[PDB]
Amino acid sequence: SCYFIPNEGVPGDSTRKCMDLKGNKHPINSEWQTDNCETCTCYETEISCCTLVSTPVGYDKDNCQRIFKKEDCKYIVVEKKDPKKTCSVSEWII
Amino acid sequence: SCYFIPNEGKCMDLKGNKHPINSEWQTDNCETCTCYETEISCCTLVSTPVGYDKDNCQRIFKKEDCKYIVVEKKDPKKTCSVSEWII
């Protein structure tokens, strides 16, 4: 899933570099990864950010649980009675 | 956004049609789908506008173009500016 918002650039600046939420300016047409598992792209007239995280939505919710691993921007899906055991996932969404 | 499911076995879609692997096809429903040897993936082609004047303006889907326009309720031929899209 992605959002797209206007690129206002930085008023006062002599260029339309996109500013991110943490105060970094980015070159027109550049991509960066954020600190919350997103990939963002700076364009002339817009900024888009898309999640890198695929969320598992189809699996045995009785016997299995999903656990988010921030550092790898992903989920694992594992047995409740023993999270060292992996379950099968029939549907992911991103 | 997209869903990803196992290809249990070319590949077959919900509507029975078979597709050559590594192929893309567009559905009846403004989705683009791909069959990989291992999995099936479908994503929407539609950007949904969500940031706009909702008292004065409305969004109207155009299915054939898989796109929205956002226009004035009092005159749907006049466009309103949008500050955010989501896909």
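A, B, ... follow the sequence lines: proteins, then strands. Residue 1 opens every chain. Computed from heavy atoms alone, side chains included, the values below leave out hydrogens, waters and symmetry copies.
Annotation for B:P6 and A:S90: closest pair CD-O, 2.9 Å, computed over non-hydrogen atoms.
Between the side chain of B:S1 and the main chain of A:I94, a donor-acceptor pair closer than 3.5 Å is present.
The number of heavy-atom neighbours closer than 6.0 Å to CG of B:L14, taken from other residues, nucleotides and ligands shown, is 12 or below. Atom NZ of B:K10 has 12 or fewer neighbouring heavy atoms from other residues, nucleotides or ligands inside a 6.0 Å radius. The environment of CD in B:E37 is sparse: at most 12 heavy-atom neighbours from other residues, nucleotides or ligands sit within 6.0 Å. When the shell of 6.0 Å around NZ of A:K85 is examined, it contains 12 or fewer heavy atoms from other residues, nucleotides or ligands. Heavy atoms of other residues, nucleotides or ligands lying less than 6.0 angstrom from CD of B:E24 number more than 12.
Between A:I93 atom CD1 and B:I5 atom CD1 the span is 11.0 Å, to the nearest 0.5 Å.
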*CA sep, side-chain torsions, deciding dist, call: B:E84, A:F4, side-chain contact (heavy atoms from CB on, under 4.5 Å)*: CA-CA 6 Å; B:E84 185 183 338; A:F4 295 73; over 6 Å; no

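With a 4.5 Å cut-off on non-hydrogen atoms, A:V89 touches chain B through its backbone but not through its side chain.
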